[PDB]
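Enquirer: what shape does this take:
(chains A and B)
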Amino acid sequence: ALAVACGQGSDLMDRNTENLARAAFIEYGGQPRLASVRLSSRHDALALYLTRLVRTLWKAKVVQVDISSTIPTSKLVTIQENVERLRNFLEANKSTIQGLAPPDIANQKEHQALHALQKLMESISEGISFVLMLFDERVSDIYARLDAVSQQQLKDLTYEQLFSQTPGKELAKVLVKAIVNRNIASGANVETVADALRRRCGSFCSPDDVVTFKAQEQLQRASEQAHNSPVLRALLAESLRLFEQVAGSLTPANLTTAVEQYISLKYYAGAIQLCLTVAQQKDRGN
Amino acid sequence: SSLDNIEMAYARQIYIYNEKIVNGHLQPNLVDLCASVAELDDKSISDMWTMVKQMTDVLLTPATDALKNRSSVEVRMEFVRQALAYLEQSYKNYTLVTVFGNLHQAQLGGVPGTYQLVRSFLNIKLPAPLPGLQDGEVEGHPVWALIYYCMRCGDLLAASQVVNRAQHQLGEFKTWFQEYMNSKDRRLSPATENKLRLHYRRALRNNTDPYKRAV
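Expert: Residues are numbered from 1 along each chain as shown, chains lettered A, B, ... in the order given. Take a look at the structure below.
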């Protein structure tokens, strides 16, 4: 019923059938009970459907090392669409489906269980979007300019780990921090790759990182335009504005790369002002 | 001495220009004699003389009255072209320093073609796609943005290349544009000029693609 309600079988009246399927999912889904709890058949059905949508992904490695993707991109798209249509179905019926809205111990764990599944769904969609973003770039190029531990972590990274384990999230945060670096070398567009990472895979990307990426953009593009005289004083001055904003949140690894570049461009006095500013914003109370 | 560094350098240049006329020599280019000092100052002044030279570098009628040259429609027309050529080239330098941090930096790697420069200019000034654009894209950028900033830089050829790769999408605009690039003085024939204006005025007076409106 859940599947039909989400449009499955419709690749073959159809609104009424899907509305009937919705009615069957609500009316006959059961309820949670004390036996440790026994969750409703409605919950197990949602878990069963979701699992079967990602069964080809879960235990599979993300990549195959000339690195490529284990799962074809076209398959990742359809899986994501199916997960999203399931999410859309739960949102449009948050008020009528038991357990979605907040509610005694039985209905409590029913709400917690259903909530956890929905958080996994959005994490699945974010994870898939991240993999698609990754292979839109030149991963082999990114994979080359990488440390061994992170190459090994990426070698045996599964979709399960990407979706549900901190190391996948931490590694994802490293890869995004690396792809933008490379994107700046190609230099097609920084602010487009920004809004790409900002929204779709939000909750895994950080807005303090994109402003940093915007700063490293002008820095590298100030090294690109380095031969020009009057164009840099606008690039380096605007890079400095971007750095000082995220001063209370710059990593020592980035702050160094910034100062290293400033010295190449004889921007001595400016680089000193950034480090002084980063200091005060890490310890405002002095 | 009551003369500042800049003023003094100009005086020396005006002494030369006088020494030349006092000894009957060739009348040298005064505008060049003044820009020689400008380079010793910030580019605020150099870019001025660049405009002065290009605005005065018009074919004149030697030994003709001043008022006559400036009233003649002949000369008044070339002024507009010399200015447009300055605004286009001036903007083209803005597009370089926007992509590369320094003019020198752009030169060492080589000034790219006006088309690839403009494309590498759209990447920055519009990173995300505006939802109101029309007529699709061309190699990853809206077709009308490319046409505008190419015309703005003054490379009509680069703009026409963009049109050639979107023949199906742009409709009848191809035969109209190809006439604009051919006809001199940046003007179309009254008949064809009438055909496009009425079309734009008909249902495109307010279009969601500003670049389309501009072109």
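Enquirer: where do the strands sit along chain A?
Expert: Secondary structure of chain A (DSSP state E): strands located at A:33-34, A:37-38, A:63-64, A:68-69.
Enquirer: and chain B, by the same measure?
Expert: Under DSSP E, chain B gives strands at B:137-138, B:141-142.
Enquirer: quick revisit: would you turn the strands of chain A into CSV with mean neighbour count and distance to residue A:154?
Expert: Every C-beta, even on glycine, is put in place using the N, C-alpha and C of the backbone. Below are the strands of chain A laid out as CSV (neighbours: other C-beta atoms under 10 Å in any protein chain shown; distance: least, C-beta to C-beta, whole Å):
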stretch, mean neighbour count, distance to residue A:154
strand A:33-34, 10, 44
strand A:37-38, 16, 39
strand A:63-64, 15, 6
strand A:68-69, 14, 12
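Enquirer: mind putting those in TSV, distance to chain B included?
Expert: TSV is the format used below for the strands of chain A (distance: least, C-beta to the nearest C-beta, whole Å):
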stretch	distance to chain B
strand A:33-34	50
strand A:37-38	46
strand A:63-64	26
strand A:68-69	22
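Enquirer: okay, now residue A:104: neighbour count?
Expert: A count of nearby residues for residue A:104, using other C-beta atoms under 10 Å in any protein chain shown, gives 5.
Enquirer: just residue A:110 next, same as before
Expert: By the criterion of other C-beta under 10 Å, residue A:110 has 23 neighbours.
Enquirer: hmm, it is touching residue A:43, no?
Expert: Yes: counting by C-beta atoms under 8 Å, residue A:110 does reach residue A:43; the two are 6.4 Å apart.
Enquirer: common neighbours of the two, please.
Expert: A:32, A:99 (C-beta atoms under 8 Å, 6 or more residues apart in numbering or on different chains).
Enquirer: which one is the residue most central in space within chain B nearest to, not counting chain neighbours?
Expert: In chain B, the centroid-proximal residue (C-alpha atoms, centre = their mean) is residue B:88; its distance is 1.4 Å. Nearest-residue entry for residue B:88: residue B:154, 2.9 Å, with adjacent residues in sequence omitted and distances by C-beta to C-beta, 6 or more residues apart in numbering or on different chains.
Enquirer: relative to chain A, how far out is the one you found?
Expert: Relative to chain A, residue B:154 is positioned 20 Å away (C-beta to the nearest C-beta, to the nearest Å).
Enquirer: contact partners for that residue?
Expert: Neighbour list for residue B:154: B:84-85, B:88-89, B:91-92 [criterion: C-beta under 8 Å, 6+ apart].
Enquirer: sorry, back to before: and of the strands of chain A, who's closest to residue A:171?
Expert: strand A:63-64 (11.5 Å; C-beta to C-beta).
Enquirer: buried stuff in stretch B:92-99?
Expert: Residues of stretch B:92-99 classed as buried by neighbour count (16 or more other C-beta atoms under 10 Å in any protein chain shown): B:92-93, B:95-99.
Enquirer: so what's the residue count around residue A:163?
Expert: So residue A:163, with other C-beta under 10 Å, has 20 neighbours.
Enquirer: you'd agree it is up against residue A:130?
Expert: No: using C-beta under 8 Å, residue A:163 makes no contact with residue A:130, being 10.2 Å away.
Enquirer: and the residue of the stretch 51-200 of chain A found nearest chain B, what does it touch?
Expert: Taking C-beta to the nearest C-beta, chain B has its nearest neighbour within the stretch 51-200 of chain A at residue A:191, 2.5 Å off. Each residue near residue A:191 by C-beta under 8 Å, 6+ apart is listed here: A:214, B:124, B:126-128.
Enquirer: what's the farthest-apart pair in these?
Expert: A:214 and B:126 (14.8 Å).
Enquirer: neighbour-wise, which of the two wins?
Expert: In this view residue A:214 and residue B:126 are compared by other C-beta under 10 Å, and residue A:214 has more residues nearby, 22 against 16.
Enquirer: around chain A, which positions in chain B sit nearby?
Expert: Neighbours of chain A within chain B, by C-beta under 8 Å from any C-beta of the partner chain: B:43, B:96-109, B:120, B:122-124, B:126-129, B:140.
Enquirer: packing partners for the longest helix along chain B?
Expert: If you go by DSSP state H, chain B has its longest helix at helix B:73-99. With contacts taken as 3 or more C-beta pairs under 8 Å, 6 or more residues apart in numbering or on different chains; DSSP states H and E, helix B:73-99 sits against helix B:43-56, helix B:103-109, helix B:114-125, helix B:143-153.
Enquirer: okay if I get the ones you listed as JSON lines plus distance to residue A:19 and mean neighbour count?
Expert: Below are the helices and strands packed on helix B:73-99 laid out as JSON lines (distance: least, C-beta to C-beta, whole Å; neighbours: other C-beta atoms under 10 Å in any protein chain shown):
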{"stretch": "helix B:43-56", "distance to residue A:19": "69", "mean neighbour count": "15"}
{"stretch": "helix B:103-109", "distance to residue A:19": "62", "mean neighbour count": "17"}
{"stretch": "helix B:114-125", "distance to residue A:19": "46", "mean neighbour count": "20"}
{"stretch": "helix B:143-153", "distance to residue A:19": "43", "mean neighbour count": "24"}
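Enquirer: got CSV for those, with distance to residue A:25 too?
Expert: Shown next, in CSV, are the helices and strands packed on helix B:73-99 (distance: least, C-beta to C-beta, whole Å):
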stretch, distance to residue A:25
helix B:43-56, 71
helix B:103-109, 61
helix B:114-125, 47
helix B:143-153, 47
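Enquirer: please enumerate the helices of chain A.
Expert: Taking DSSP H as the criterion, chain A carries its helices at A:2-5, A:14-27, A:41-54, A:73-91, A:105-136, A:139-144, A:148-155, A:159-164, A:166-186, A:190-199, A:207-224, A:232-245, A:252-264, A:268-282.
Enquirer: winner for burial among these?
Expert: Stretch with highest mean neighbour count among these: helix A:207-224 (a mean of 22; mean count of other C-beta atoms under 10 Å in any protein chain shown).
Enquirer: which residues sit against that one?
Expert: A:176-177, A:180-181, A:184-185, A:187, A:190-191, A:194, A:197-198, A:232, A:235-236, A:238-239, A:242-243, A:245-246, A:249-250, A:254, A:257-258, A:261-262, A:264-265, B:99-101, B:105, B:109.
Enquirer: and chain A, which of its residues are near chain B?
Expert: Contacts of chain A with chain B, taken as C-beta under 8 Å from any C-beta, map to A:187-196, A:221-232, A:234-236.
Enquirer: try 10 Å this time
Expert: With C-beta under 10 Å from any C-beta of the partner chain as the criterion, chain A meets chain B at residues A:186-196, A:198-199, A:214, A:217-236, A:239, A:265.
Enquirer: just to revisit the earlier point, just name the closest of the contacts of residue B:154 to chain A, please.
Expert: For these, the minimum distance to chain A (C-beta to the nearest C-beta) is 13.1 Å, reached by residue B:92.
Enquirer: and that closest one, what does it touch?
Expert: Taking C-beta atoms under 10 Å, 6 or more residues apart in numbering or on different chains as the contact definition, residue B:92 lies against B:111, B:114, B:117-118, B:121, B:149, B:152-155.
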